[PDB]
Amino acid sequence: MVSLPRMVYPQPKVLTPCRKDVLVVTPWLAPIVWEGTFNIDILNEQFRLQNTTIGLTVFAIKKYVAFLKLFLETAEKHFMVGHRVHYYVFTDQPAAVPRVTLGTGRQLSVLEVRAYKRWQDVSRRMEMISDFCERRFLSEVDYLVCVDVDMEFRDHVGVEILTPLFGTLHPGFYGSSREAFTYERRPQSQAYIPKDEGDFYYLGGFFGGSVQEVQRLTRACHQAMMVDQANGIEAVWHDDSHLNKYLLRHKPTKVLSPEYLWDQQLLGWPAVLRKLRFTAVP
């Protein structure tokens, strides 16, 4: 890691917090990323000096192919602009992937997959990431970001998210007590979390990390789903139950605020959200 250049920016103020209305660091000292916590100029330099490549994965099966055009057009405007980006679009319909114009240093790969009926079959989602694609991802990108396709970017989503392992706060539960979280509560499931455990409720629509960490996570969740299946049990919220168990026991190195996964139709635009970056599409 070579030196940063001279840069002129406002001095950070030790006795003035950036945000006093929200928690900006976890008890395991991982930053919680809200608008006003970061200087993007500094972070962009740090990441550009490493020639960072970010992989973005989306599964668009059956009718979900319809969401690709807005998803990708808005990612071009808002997602890691200035950095190398590789989109990985997993789909049962290669021909229905729209031809979207990409900025320089950005590429898109279409990966054909079979469509499956049962939700357990559906989740090569945890499979696909680690198995057919593991070597390719290690060769092609530095970080992997895994998102839902029925979304659009509306504001900056950049290198402030990048870290070995990140999850995103469920926008419906960020103010909730742990008792209210919809974790898997049956002890017979591998995703089980009791009422007196839990940091946050993470939503599986936006997670990521280094390739290695994302692979570990996906390998672990896949194995846990397989064990539940053999025991005749399905976790209450499927992928997200297992994701929450994983991130309980392997703390993320950054947590993203609900700015990064929002639904404006369901939740409005509260004062605590200064920006709505990645949102559900009505």
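Residues numbered from 1 in each chain as written, not as in the entry; some residues may be left out. Heavy atoms only, no water. Residues with missing side-chain atoms left out of burial classes, pairs and counts.

By the method listed in its record, X-ray crystallography, this PDB entry was determined to a resolution of 1.8500 Å.

The name given to the protein in the PDB entry is Histo-blood group ABO system transferase, with Homo sapiens as the source organism. The UniProt entry for the protein carries this comment under Pathway: "Protein modification; protein glycosylation." As stated in UniProt under Sequence similarities, the record for the protein gives "Belongs to the glycosyltransferase 6 family." (UniProt positions renumbered as here; feature names shortened; annotations may be inferred.)

Participant: Whenever I open this one, the overall build of the protein confuses me. Can you help?
Facilitator: On a plain count of helices and strands, the protein comes out with 8 helices and 10 strands. In terms of overall dimensions, the protein is globule-like: its C-alpha atoms have a radius of gyration of 19 Å, near the 19 Å expected for 282 residues. The principal-axis extents of the C-alpha atoms in the protein amount to approximately 60 × 50 × 40 Å. (Helix = DSSP H or I, 4+ residues; strand = E, 2+ residues; numbered from the N terminus. Rg over C-alpha atoms; globule rule 2.2 N^0.38 Å.)

Participant: Would you take a moment to explain the pattern of salt bridges for this structure?
Facilitator: Two side chains with opposite charge may pair up if their charged atoms get near one another. Scanning all chains against the criterion turns up 12 salt bridges. Note that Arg-106 and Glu-76 form a salt bridge whose closest N and O atoms lie 2.8 Å from each other. With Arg-106 in strand β4 (residues 106-112) and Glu-76 in helix α2 (residues 68-78), this pair connects stretches of sequence that are 30 residues apart. Neither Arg-106 nor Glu-76 differs from the other in exposure class; each is buried. Taken together, the shared-partner salt bridges connect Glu-35, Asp-155, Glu-259, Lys-275 and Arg-277 into one network. (Salt bridge = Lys/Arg side-chain N within 4 Å of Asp/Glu carboxyl O. Buried < 20%, exposed > 50% of the residue type's maximum accessible area, 1.4 Å probe, protein only.)

Participant: So what exactly am I meant to see when it comes to the sheet that holds strand β3 (residues 84-91) here?
Facilitator: Pairing between the strands of a sheet comes from backbone hydrogen bonds, and it takes one of two forms, parallel or antiparallel. Read across the open sheet, the 8 strands follow the order β1-β9-β7-β8-β5-β2-β3-β4; overall the sheet is mixed. Sheet topology places β1 (32-33) and β4 at the edges, where each strand pairs with a single neighbour. Taken together, the 2 bridges between β1 and strand β9 (residues 254-256) define a ladder with parallel strand orientation. Its bridge partner lying in β9, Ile-32 is registered against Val-255. Packed on one face of the sheet, α2 meets β2 (53-59), β3, β4 and β5 (143-147) and runs near 170 degrees to β3. (Pairing = 2+ DSSP bridges. Contact = heavy atoms within 4.5 Å. Axes fitted to C-alpha atoms, helices over the stretch in contact; angles between N-to-C directions.)

Participant: Looking at this model, I keep getting lost on the state of the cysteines. Mind explaining?
Facilitator: As enumerated under the stated definition, the model contains 0 disulfides in all. No disulfide involves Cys-146; its sulfur sits 11 Å from the nearest other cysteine sulfur, which is in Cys-133. (Disulfide = S-S within 2.5 Å.)

Participant: Hey, could you run me through the packing of aromatic side chains in this one?
Facilitator: Inspection of every chain in the model, using the stated rule, returns 18 aromatic pairs. Note on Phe-153 and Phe-278: the rings are 4.4 Å apart at their centroids and 35 degrees apart in plane angle, and the pair reads as tilted. Here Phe-153 is found in strand β6 (residues 151-153), whereas its partner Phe-278 is found in strand β10 (residues 278-280), with 125 residues between them in sequence. Of the two residues examined, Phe-153 and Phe-278, each falls in the buried class. (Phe/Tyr/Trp six-rings, centres within 6.5 Å; stacked < 30°, edge-to-face > 60°.)

Participant: What should I look at first to understand the side chain of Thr-57 in this one?
Facilitator: For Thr-57, the location among the structural elements is in strand β2. The contact partners of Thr-57, leaving out residues within four places of it in the chain, are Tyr-88, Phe-90, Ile-129, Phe-137, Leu-144, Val-145, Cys-146 and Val-147.

Participant: So what exactly am I meant to see when it comes to helix α6 (residues 211-230) here?
Facilitator: Quick reminder: α-helices carry 3.6 residues per turn. Residues three or four places apart thus point the same way. Along its 20 residues, α6 runs 28 Å from first to last C-alpha, staying within 8% of the 28 Å computed at 1.5 Å per residue. Of all the positions in α6, only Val-211, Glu-213, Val-214, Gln-215, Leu-217, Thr-218, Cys-221, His-222, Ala-224, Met-225 and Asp-228 are classed as buried. Among the structural elements, α4 (125-129), α5 (134-140), β5, β7 (165-168), β8 (206-210) and α7 (239-249) are those in contact with the buried residues of α6. Immediately beyond the C-terminal end of α6, within one or two residues, lies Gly-232, with a positive phi of roughly 70 degrees. (Expected span 1.5 Å × (residues − 1).)

Participant: Where do I start with a nonpolar patch on the surface in this structure?
Facilitator: A contiguous nonpolar surface patch, about 280 Å² in accessible area, is contributed by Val-2, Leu-4 and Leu-49. Along the chain, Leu-4 turns up in the segment before β1. (Patch = residues over 30% accessible without salt bridge, like charges linked within 9 Å, V, L, I, M, F, W, Y side chains within 5 Å. Areas by Shrake-Rupley, 256 points an atom, 1.4 Å probe, with all protein chains shown as cover.)

Participant: Help me understand α2, please; the structure alone is not making it clear to me.
Facilitator: Those residues of α2 not exposed but buried are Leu-68, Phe-71, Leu-72, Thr-74, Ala-75 and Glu-76. For α2, the elements touching its buried residues are β2, β3, β4, β5, β6 and β10. A positive backbone phi angle near 55 degrees is found at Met-80, which sits one or two residues after α2.

Participant: Sorry if this is basic, but what is going on with the side chain of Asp-228 here?
Facilitator: Here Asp-228 is to be found in helix α6. Of the side chains with opposite charge, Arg-186 comes closest to the buried, unpaired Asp-228, at an N-O distance of 6.4 Å. Side chain to side chain, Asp-228 and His-242 meet in a polar contact 3.4 Å long. The residues touching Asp-228, leaving out its near neighbours within four places in the chain, are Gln-188, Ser-189, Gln-190, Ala-191, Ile-233, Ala-235 and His-242. (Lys, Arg positive; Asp, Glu negative; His and termini not counted. Polar contact = N/O pair within 3.5 Å; in protein donor to acceptor, adjacent residues only side chain to side chain.)

Participant: Help me understand the nonpolar core in this model?
Facilitator: Across soluble globular proteins, you tend to see nonpolar side chains buried next to one another. The biggest cluster of nonpolar side chains holds 36 residues, and the ones touching the most others in it are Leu-68, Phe-71, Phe-79, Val-145, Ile-161, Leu-162 and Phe-206. For this core, the elements supplying multiple residues, two or more each, are α1 (40-48), β2, α2, β3, β5, β6 and β10. When neighbours within four sequence positions are excluded, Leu-162 is seen to be in contact with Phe-47, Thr-52, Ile-54, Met-80, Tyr-143, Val-145 and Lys-254. (Core = buried A, V, L, I, M, F, W, Y, C linked by side-chain atoms within 4.5 Å.)

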